[PDB]
Amino acid sequence: XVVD
Amino acid sequence: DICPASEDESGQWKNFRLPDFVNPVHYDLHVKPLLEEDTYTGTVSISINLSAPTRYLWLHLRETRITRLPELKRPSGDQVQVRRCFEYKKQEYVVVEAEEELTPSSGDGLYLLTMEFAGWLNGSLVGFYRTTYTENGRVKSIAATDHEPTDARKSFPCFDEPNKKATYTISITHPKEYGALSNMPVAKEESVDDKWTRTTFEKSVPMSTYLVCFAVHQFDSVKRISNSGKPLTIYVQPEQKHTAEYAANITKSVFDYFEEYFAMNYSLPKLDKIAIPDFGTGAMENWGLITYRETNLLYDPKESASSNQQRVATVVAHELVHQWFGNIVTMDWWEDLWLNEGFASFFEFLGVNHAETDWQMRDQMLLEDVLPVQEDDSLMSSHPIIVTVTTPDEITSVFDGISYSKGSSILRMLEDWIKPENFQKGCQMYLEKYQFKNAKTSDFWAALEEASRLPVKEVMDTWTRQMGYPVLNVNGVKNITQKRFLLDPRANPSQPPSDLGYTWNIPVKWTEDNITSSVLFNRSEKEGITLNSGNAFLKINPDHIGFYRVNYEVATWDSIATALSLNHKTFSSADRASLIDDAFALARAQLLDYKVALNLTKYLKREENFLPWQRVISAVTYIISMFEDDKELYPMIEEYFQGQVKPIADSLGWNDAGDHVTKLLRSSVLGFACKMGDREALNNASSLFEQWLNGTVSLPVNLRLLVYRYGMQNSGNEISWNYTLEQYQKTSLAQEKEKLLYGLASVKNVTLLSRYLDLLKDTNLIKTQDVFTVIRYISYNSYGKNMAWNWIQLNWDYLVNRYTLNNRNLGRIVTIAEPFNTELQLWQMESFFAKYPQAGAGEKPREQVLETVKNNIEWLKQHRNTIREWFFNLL
Ligand SMILES: *[C@@H]1O[C@H](CO)[C@@H](O[C@@H]2O[C@H](CO)[C@@H](O[C@@H]3O[C@H](CO)[C@@H](O)[C@H](O)[C@H]3NC(C)=O)[C@H](O)[C@H]2NC(C)=O)[C@H](O)[C@H]1NC(C)=O
Ligand SMILES: *[C@@H]1O[C@H](CO)[C@@H](O[C@@H]2O[C@H](CO)[C@@H](O[C@@H]3O[C@H](CO)[C@@H](O)[C@H](O)[C@H]3NC(C)=O)[C@H](O)[C@H]2NC(C)=O)[C@H](O)[C@H]1NC(C)=O
Ligand SMILES: *[C@@H]1O[C@H](CO)[C@@H](O[C@@H]2O[C@H](CO)[C@@H](O)[C@H](O)[C@H]2NC(C)=O)[C@H](O)[C@H]1NC(C)=O
Ligand SMILES: *[C@@H]1O[C@H](CO)[C@@H](O[C@@H]2O[C@H](CO)[C@@H](O)[C@H](O)[C@H]2NC(C)=O)[C@H](O)[C@H]1NC(C)=O
Ligand SMILES: *[C@@H]1O[C@H](CO)[C@@H](O[C@@H]2O[C@H](CO)[C@@H](O)[C@H](O)[C@H]2NC(C)=O)[C@H](O)[C@H]1NC(C)=O
Ligand SMILES: *[C@@H]1O[C@H](CO)[C@@H](O)[C@H](O)[C@H]1NC(C)=O
Ligand SMILES: *[C@@H]1O[C@H](CO)[C@@H](O)[C@H](O)[C@H]1NC(C)=O
Ligand SMILES: *[C@@H]1O[C@H](CO)[C@@H](O)[C@H](O)[C@H]1NC(C)=O
Ligand SMILES: *[C@@H]1O[C@H](CO)[C@@H](O)[C@H](O)[C@H]1NC(C)=O
Ligand SMILES: [Zn+2]
């Protein structure tokens, strides 16, 4: 995962 | 219907975890999408290593249905007879029962299990799905997958645990106008009809299910070749082809840098990156086929900001780290998720620092991870780095600040303590040992212990198997003691129970007159230690390299304030930021009088560096928001901080001049000036905005966001709101789109914000990926703080139905309530939570926001007069  | 649901609990399938004795080796996977129908079908053949007599075989499946009664093969080759199949909802299992039961796979032979399945491509951003975009006025389609953590099971039936590694050969049957991508290169393409192509990909290395990825697209591409000779290509809409250039650059530079740094070959023959037009997370590290949200991948030097540039560089770097950390070596269980995300959050900075030399990335770790997570991990509702997770909702929740930022931060401490050289060599050995297998946290400590012979397990365990961190109390310049640091003074410092009792082994570093010393502070030194030159000052925790706060004696703190006033450059930029950050957190915690803290800000008219300003702004943002409605305190705080930024705001001016860090500083410094009500900065924003509305002028890239926000806030009306909405639709660049949404959220008009909230239900206007972003923006608006909060309440059933309780972003949306600071607001929150007590992935965020709001109420009671006095006496 970036989770934004 | 074909495997009906059954409530039959009497079997091993009632267990949340898959059994030990069933093991996949190879997946034969075929899917055929009906793109225009939003459906797909597929069959899967799995080779299974059975270890124990069992009359049932079971594996994960959600939403997607089995369409044909599945068929099982003995390792000999015979057809095993099947009595029944049935779905077990409660633990997301499809279960098949043999007439009989059979025995382990003793030789090299394996069972083969084959099942046909049908699912949907619509109404979701997980599993296998379709979305659209517009090219030359035509609506086009693209289908892709997204699995982490527990959504592989939606795409196809599988053994959906990260440690159930198996090998993949994927094939897809698709319309011939489309290409097909997966983890591996294409092996063979064969015509099915004159209309359909079957694309088959070559065998994969053993991997986790969450990493399996495929796509069907009509994208163009930008290409680069590694030092290894392997093609690195970024897939991108033809319209947006120019905006893939930067990411292409960074992928090459960072790929080449990492392969050398980890001393390990990238495991696959190619690597692809692609941004899905509607994508539920930021980015996903699928081996060889990394997926992105456009804001994290696509960058226009003529339109995008340096903030955007750095975000693109960092996410690409992050996702590349996973090719080694996460993909090659994966955690055994999600409890050890930090082994993936913490490591990615750490090395991302090393990656980008190679690619971009003057970005001062190593320092920026403080702004991005260390200091922000020190806020998080000072709450009672934090959790230890190694986290017990027992449901899919709990699993998906821990993709959070603790896994990423604290993970990053304790690795940063470790490297410094253990020395970079040995840290590097240790990582390599870990990577050699567990390659294509799984690791636990214990496995990583032991690896580094071989590289240092330092007591890594003993020391690092304390930072890892308990939540929280310590404050170091200074007595007499030189004596330190440790105590757990909690933001709430009333909280019980011993809860929740921890074997280690909230004492740590702290690697402590300090600076005696430009010279640097080191000591490990043992847990068992209950009465503290003494730091080994007749000294008058001791700089403890240089660059805030350790994951703790230092509380000096008040007199020391007083002398630091004076030292900053006289010559602030006495301290490094990081050291300044750190002392400031600590002081203000200590004050927040009622461990330091606020007068002492505020005294540290007096010097600021001469402050010129990025790091201190960022941490000052963070600290002031909190205090100012607590006093928003205080007609007495607010103007005085505004007036002061307006005066403190004014010189640097003026000095830098409204123009994109200077290096990276300078341009970031100007952004945040001009923004703060605007926030603090500086008439001249607001007039700059309004003037530029008015020019942008004339439709020609392209705004300076690092000022745009500020101009849209403060411009709309100060002179926005229906005409300019409508215009901005049209412009948002018209631009292809996601990075610009996002700025424009923030702009539209800034208007000081209830009717227009109400229209905007209504747009959230319209998927032709707001993409599904963007809904929570927009809600959060609106929540920042003086009117919308309450509008967004009310809207998510009224529309809670609708959001749950659209996203499901397993959606991370939905669980987190309650944090828009963070600025709440009254008993009334707290009661509203609690009443809403009690009405909708199924929180799913929102369970922790709810706990956290309640603790925050409770702290706010306390904070006001304790500090209003003190903070009043400091400002009244000063102004
Ligand atoms: C965008 O922001 C700028 C601030 O960064 C504004 O520029 C400032 O405008 C002020 C008014 O004209 C000037 O005030 C003068 O300051 C000087 C000090 O060097 C003194 O002589 C005077 O006290 C004062 N003028 C008078 C007549 O009393 C600022 O000097 C000036 N410049 C700077 C660099 O700060 C811009 O005006 C603003 N732009 C818009 C379009 O609003
Ligand atoms: C650390 O913070 C301390 C507490 O604020 C500072 O001490 C204070 O300095 C103030 C000046 O900034 C004094 O304010 C004055 O208060 C009296 C009434 O008590 C008024 O008559 C004056 O008008 C007012 N001054 C102004 C300019 O309006 C405080 O009296 C004083 N408080 C105490 C208890 O001494 C320290 O200076 C500060 N340490 C630093 C900067 O190193
Ligand atoms: C994708 O679209 C299909 C087709 O409309 C959805 O299935 C329908 O669901 C509604 C209730 O939600 C029923 O009234 C229909 O009878 C269903 N149609 C069929 C053919 O089964 C499906 O739910 C959508 N997928 C998602 C994830 O929302
Ligand atoms: C908020 O925006 C609305 C929408 O433009 C404004 O209402 C308009 O007011 C003008 C005259 O003031 C009318 O001619 C329009 O027909 C109105 N539109 C609607 C939809 O009612 C409103 O004035 C703005 N309010 C504030 C406080 O700024
Ligand atoms: C701003 O845009 C809104 C929405 O497009 C316009 O208001 C709508 O206009 C349509 C067609 O004229 C009506 O059917 C709707 O009832 C209107 N309101 C809403 C809430 O949709 C509005 O005319 C535009 N205003 C300006 C000044 O351009
Ligand atoms: C990519 O790098 C080349 C040189 O390697 C450079 O000329 C070009 O401007 C870069 N492209 C970007 C930053 O988009
Ligand atoms: C390891 O890297 C070198 C780089 O040139 C390459 O020649 C070699 O084939 C790689 N090893 C494997 C197993 O692919
Ligand atoms: C600090 O601790 C040591 C050891 O207990 C002691 O010698 C010293 O007096 C203490 N206090 C101060 C103020 O230095
Ligand atoms: C911590 O204390 C234990 C007590 O048994 C000791 O063996 C160990 O060496 C200590 N570690 C240090 C001081 O680094
Ligand atoms: Zn990641």
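A, B, ... follow the sequence lines: proteins, then strands. Residue 1 opens every chain. Atoms within a ligand are numbered from 1 in the order they appear, just like the ligands themselves.
- Within a 4.0 Å radius of atom 25 (N) of ligand 1, the protein contributes no non-hydrogen atoms.
- For ligand 6, the polar-atom distance check finds no N/O of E245(B) at less than 3.5 Å from any of the ligand's N/O atoms.
- Protein heavy atoms are absent from the space less than 4.0 angstrom from atom 16 (O) of ligand 3.
- The pair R130(B)-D278(B) fails the salt-bridge criterion, with no side-chain N (NZ, NE, NH1 or NH2) lying under 4.0 Å from an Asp/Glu carboxylate O.
- For atom 14 (O) of ligand 6, a protein heavy-atom neighbour is found at a distance under 4.0 Å.
- Side-chain atoms of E294(B) and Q240(B) form a donor-acceptor pair, as typed in the model, at a separation below 3.5 Å.
- Between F117(B) and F156(B), the ring planes lie tilted relative to each other; the angle falls in the 30° to 60° range.
- When hydrogens are left out, the protein atom nearest atom 5 (O) of ligand 1 is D650(B) OD1, 2.8 Å; that is the closest non-hydrogen contact.
- Remark: atom 4 (C) of ligand 6 lies closer than 4.0 Å to no protein heavy atom.
- Ring geometry for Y246(B) against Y299(B) counts as tilted: the plane angle lies between 30° and 60°, on a 0 to 90° scale.
- In this structure, a donor-acceptor pair under 3.5 Å is present between the side chains of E239(B) and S732(B).
- Inclusion of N684(B) in the set of residues having an N or O under 3.5 Å from an N or O of ligand 1 is warranted.
- Close approach to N249(B) involves these atoms of ligand 6, each under 4.0 Å from a residue heavy atom: 1 (C), 2 (O), 3 (C), 8 (C), 10 (C), 11 (N), 12 (C), 13 (C).
- Side-chain atoms of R704(B) and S667(B) form no donor-acceptor pair, as typed in the model, at a separation below 3.5 Å.
- When only modelled atom types and interatomic distance are considered, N684(B) and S687(B) share no side-chain donor-acceptor pair under 3.5 Å.
- Side-chain contact of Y640(B) with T601(B): a donor-acceptor pair under 3.5 Å is present, judged by distance alone.
- Residue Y708(B) is tested with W721(B), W692(B), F689(B) for a ring-ring contact (aromatic ring centres under 6.0 Å, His included); the sole match is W692(B).
- Given atom 26 (C) of ligand 3, the protein heavy atom at minimum distance is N122(B) O, 3.4 Å.
- Proximity of atom 35 (O) of ligand 1 to the protein is indicated by at least one non-hydrogen atom lying closer than 4.0 angstrom.
- In this structure, atom 7 (O) of ligand 6 is not in close contact with the protein, since no protein heavy atom lies within 4.0 Å of it.
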> Yes or no on side chain to side chain donor-acceptor pair (under 3.5 Å) for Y178(B) and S141(B), after CA distance, side-chain angles and deciding distance?
Replying inline: CA-CA 9 Å; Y178(B) 295 84; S141(B) 290; 4.6 Å; no

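- Under the 4.0 angstrom criterion, atom 18 (C) of ligand 1 counts as lacking any protein heavy-atom contact.
- Distances from atom 24 (C) of ligand 3 to the protein include at least one heavy-atom value under 4.0 Å.
- One option in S687(B), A673(B), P647(B) has a heavy atom closer to atom 41 (C) of ligand 1 than any other, and that option is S687(B).
- For atom 4 (C) of ligand 3, the nearest protein heavy atom lies 4.0 Å or farther away.
- Set against the non-hydrogen atoms of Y246(B), the atoms of ligand 6 under 4.0 Å away are 13 (C), 14 (O).
- Within the 4.5 Å cutoff, side-chain heavy atoms of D300(B) are placed close to those of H242(B).
- In this structure, the protein non-hydrogen atom closest to atom 14 (O) of ligand 1 is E680(B) OE2, 4.6 Å.
- Nearest protein heavy-atom contact of atom 28 (O) of ligand 3 is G123(B) CA, 4.0 Å.
- Side chains of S720(B) and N717(B): a donor-acceptor N/O pair is present below 3.5 angstrom, by distance only.
- Side-chain contact check for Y40(B) and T64(B): at least one donor-acceptor pair (N or O, by modelled atom type) lies under 3.5 Å.
- When distances from atom 11 (N) of ligand 6 to the protein are checked, a heavy atom turns up under 4.0 Å.
- Shown here, atom 38 (C) of ligand 1 is in close reach of the protein: a heavy atom of it lies under 4.0 Å off.
- Counting protein heavy atoms under 4.0 angstrom from atom 1 (C) of ligand 3 gives one or more.
- There is no protein heavy atom closer than 4.0 angstrom to atom 21 (O) of ligand 1.
- In this structure, atom 30 (O) of ligand 1 is not in close contact with the protein, since no protein heavy atom lies within 4.0 Å of it.
- Under the 3.5 Å distance criterion, with hydrogens and angles disregarded, no donor-acceptor pair is assigned to the side chains of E738(B) and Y742(B).
- Using a 4.5 Å heavy-atom threshold, the side chains of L699(B) and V701(B) count as separate.
- Proximity to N683(B) (heavy-atom distance under 4.0 Å) selects the following atoms of ligand 1: 42 (O).
- Given atom 21 (O) of ligand 3, the protein heavy atom at minimum distance is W120(B) CZ2, 3.6 Å.
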